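# Output the structure for:
(one chain, ligands or ions: 2)
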Amino acid sequence: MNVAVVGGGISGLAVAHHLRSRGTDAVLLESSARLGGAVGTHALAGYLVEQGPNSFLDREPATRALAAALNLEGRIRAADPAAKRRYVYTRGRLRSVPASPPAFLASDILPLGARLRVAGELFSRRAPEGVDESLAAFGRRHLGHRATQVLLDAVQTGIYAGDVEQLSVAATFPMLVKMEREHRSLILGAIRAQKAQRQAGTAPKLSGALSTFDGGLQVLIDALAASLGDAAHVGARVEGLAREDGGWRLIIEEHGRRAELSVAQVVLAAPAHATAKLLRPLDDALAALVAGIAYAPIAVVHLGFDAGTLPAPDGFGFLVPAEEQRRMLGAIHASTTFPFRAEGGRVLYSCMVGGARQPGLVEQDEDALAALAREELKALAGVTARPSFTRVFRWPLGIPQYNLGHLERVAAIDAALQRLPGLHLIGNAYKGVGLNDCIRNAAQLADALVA
Ligand SMILES: Cc1cc2nc3c(=O)[nH]c(=O)nc-3n(C[C@H](O)[C@H](O)[C@H](O)COP(=O)(O)OP(=O)(O)OC[C@H]3O[C@@H](n4cnc5c(N)ncnc54)[C@H](O)[C@@H]3O)c2cc1C
Ligand SMILES: CCCCCCCCCCCC(=O)OCC[C@H](C)[C@@H]1OC[C@H](C)[C@@H]1C
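Numbers count the residues shown, from 1 in each chain. Ligands and ions are numbered 1, 2, ... in the order given. And now the structure:
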């Protein structure tokens, strides 16, 4: 009847919250001095700066249901005004990526033949049978070379900060592969799905807008921490678990000393590496599978500027293609996107450095990373002004990379867990990277847990 949750990030918090709110007592244990994991918002120099994640697309019911059952729905905030535009640095300058098919055809985002090739997606050849094809392979077949080389690579780097050649399209973009399976052409599927909904309320309708909370994403975690209370233990590192008449025994280190705990079922919300260490003495082959999940390191450089030292930049931000051979991945554009996250007309840039193709840059110190960010923002965006604020967050264990073979690996992980009753896994490593995905998967697990 009692459950233990290892890891105090969103995956773990949401699982623990959903279990309690359905009549199942849960205990959560977190290594750090604080809950949240990657998610964290800091109040510094008149700004609200984000540790990692900045926003979520307001299109997931599970994250709405979580916000409702936590009295947060009125604190959600439009990714406000300014540019709905986004930019890609390609061929010498920042270029607006168009939002509509007619605008795209007249755009200069790609050369004429390359634009016409995207329209030729209607004649996309069949997908390779029984092959877990790469995102880049998917791109060349559907979109043409230029579109995948500049546009698809941008979307990819914006979400996973990874290698477009290594990422599995089935694991990273499941709805695109499903679309492909059903209609071959994506344009065809869009035309047909548009016809389907056109041929016939009660609660509302989700906008899909880029959203956050009024005090940043910290609002969600502070609301989770408060909802769990004494069930959420901070500075409690689990460093062992074993069987015991069904059931499970956790070895926990809290206030410098050793402690033990017996529970009916265990839920592991820790990153792949930390979870593998725990699974090792239990099943070496399963631990190997979990340990095989690659992570791309990433560092975020925040650069704040005094009101009037530079103009407010247009749009949600810009991304830079790997082929441009640059040391930065892109920037937001946070003050523009969410005005309330900056006071007194100050302008905030949140630059992203590293990814799967440049993991070595994240090892450098904070002053070197700040220097890097300024040089690139000068060469690409034309920002010459001196920053009045500078804050750097490094994640050596960054974003999990859903590379080729990932989907069959998660299947092998699932099959191995069935031989170990009462043991469960969630987290960004497995079946979704974003906040929305973690929240959804967390709720689904908790529901299925009451069996
Ligand atoms: C730079 C960056 C930007 C991002 N931007 C976005 C974005 O804007 N939109 C979006 O949707 N997503 C974004 N994400 C992705 C998303 O934030 C993460 O994938 C997600 O928050 C991970 O949550 P998690 O709980 O699954 O893992 P984690 O947050 O890492 O939680 C795992 C926790 O377990 C703890 N732990 C480890 N070992 C033990 C132990 N043995 N005992 C107890 N506890 C342990 C760790 O301390 C950690 O806190 C971003 C990620 C990064 C890093
Ligand atoms: C789509 C919702 C996010 C899904 C899960 C991860 C998304 C968060 C990306 C992690 C950060 C990341 O590593 O990529 C950099 C993000 C860049 C800077 C921004 O992407 C949109 C803007 C144009 C700007 C260039």
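# quick one: residue 244 from ligand 1, how far?
19 Å (CB to the nearest ligand atom, to the nearest Å). Just so you know, the C-beta spots here come from the backbone N, C-alpha and C atoms, and that holds for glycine as well.
# Show the contacting residues for the nearest residue to residue 133 once chain neighbours are set aside.
Nearest non-adjacent residue to residue 133, counting by CB to CB, 6 or more residues apart in numbering: residue 169, 6.0 Å away. By CB atoms under 8 Å, 6 or more residues apart in numbering, the residues touching residue 169 are 133-135, 137-138, 176-177.
# Check whether stretch 439-451 comes into contact with ligand 1.
No. On the criterion CB under 6 Å from any ligand atom, stretch 439-451 is out of touch with ligand 1, staying 8.5 Å away.
# please renumber so the chain begins at 137
I'll keep to 137 as the first residue from here, and by that count the last item is stretch 575-587.
# May I have that stretch as PDB, with CA atoms only?
Taking C-alpha atoms only, stretch 575-587 is exported to PDB below (Å, rounded to 0.1, in the frame of the first residue of the first chain):
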ATOM      1  CA  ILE A 575       3.800  15.100 -16.500                       C
ATOM      2  CA  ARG A 576       1.700  12.900 -18.800                       C
ATOM      3  CA  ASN A 577       3.800   9.700 -18.300                       C
ATOM      4  CA  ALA A 578       3.900  10.300 -14.600                       C
ATOM      5  CA  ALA A 579       0.100  10.500 -14.300                       C
ATOM      6  CA  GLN A 580      -0.300   7.400 -16.600                       C
ATOM      7  CA  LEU A 581       2.100   5.400 -14.300                       C
ATOM      8  CA  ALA A 582       0.300   6.400 -11.100                       C
ATOM      9  CA  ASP A 583      -3.100   5.500 -12.500                       C
ATOM     10  CA  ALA A 584      -1.800   2.100 -13.700                       C
ATOM     11  CA  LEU A 585      -0.200   1.600 -10.300                       C
ATOM     12  CA  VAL A 586      -3.400   1.400  -8.600                       C
ATOM     13  CA  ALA A 587      -4.100  -2.100  -9.700                       C
END
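# about what we covered before: out of the contacts of residue 305, which are inside helices?
Among the contacts of residue 305, DSSP state H puts 271, 273-274, 312-313 in helices.
# Kindly reformat the residues you listed as a markdown table containing neighbour count and distance to residue 188.
Formatted as a markdown table, these follow (neighbours: other CB atoms under 10 Å; distance: CB to CB, whole Å):
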| residue | neighbour count | distance to residue 188 |
| --- | --- | --- |
| 271 | 28 | 22 |
| 273 | 19 | 29 |
| 274 | 25 | 27 |
| 312 | 16 | 25 |
| 313 | 18 | 27 |
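# Sort out which one of those lies nearest residue 288 for me.
residue 271 (6.7 Å; CB to CB).
# Can you list the buried residues in stretch 203-214?
Of the residues in stretch 203-214, 203, 206, 208, 212-213 count as buried by neighbour count, 16 or more other CB atoms under 10 Å.
# same thing with stretch 343-350?
345-349.
# What is the end-to-end distance of that stretch?
18 Å (CA to CA, to the nearest Å).
# Relative to residue 460, how far out is residue 243?
18 Å (CB to CB, to the nearest Å).
# Same question for residue 474.
In terms of CB to CB, residue 474 sits 27 Å off from residue 460.
# Residues of this protein that sit close to ligand 2?
So the chain meets ligand 2 at 193, 222, 293-295, 297, 434, 452-455, 465-468, 488, 569-570 (CB under 6 Å from any ligand atom).
# Are any of these buried, and if so which?
By 16+ other CB under 10 Å, the residues of the chain next to ligand 2 give 193, 222, 293, 297, 434, 452-455, 465-468, 488, 569-570 as buried.
# Between all of those, which two are separated the most?
The widest separation within these (CB to CB) is 21.3 Å, between 454 and 569.
# got the contact list for the residue in the stretch 237-386 of the chain that ligand 1 sits nearest to?
Per CB to the nearest ligand atom, residue 374 is where the stretch 237-386 of the chain lies closest to ligand 1, at 4.1 Å. Taking CB under 8 Å, 6+ apart, we find residue 374 in contact with 142, 165, 386-388, 414.
# Looks to me like it is in a helix.
No. Counting by DSSP: H, G, I helix; E, B strand; the rest coil, residue 374 is not found in a helix; it is strand.
# thinking again about what came up before, neighbour-wise, which of residue 474 and residue 460 wins?
More crowded of residue 474 and residue 460, by other CB atoms under 10 Å: residue 474, with 27 against 15.
# distance of the more buried one from ligand 2?
Counting by CB to the nearest ligand atom - residue 474 and ligand 2 are separated by 13 Å.
# Please verify my assumption that that residue contacts residue 213.
Yes. The criterion here is CB atoms under 8 Å, and residue 474 meets it with residue 213 at 6.5 Å.
# which residues do those two both contact?
residue 348.
# circling back to that earlier point, looking at the contacts of residue 305, which is nearest residue 228?
Out of the contacts of residue 305, the member with the shortest distance to residue 228 (by CB to CB) is residue 271, at 25.6 Å.
# How many neighbouring residues does residue 315 have?
Other residues close to residue 315 by other CB under 10 Å number 18.
# three-state assignment of it?
helix.
# give me every residue that touches it.
Counted by CB under 8 Å, 6+ apart, residue 315 has contacts 322, 325.
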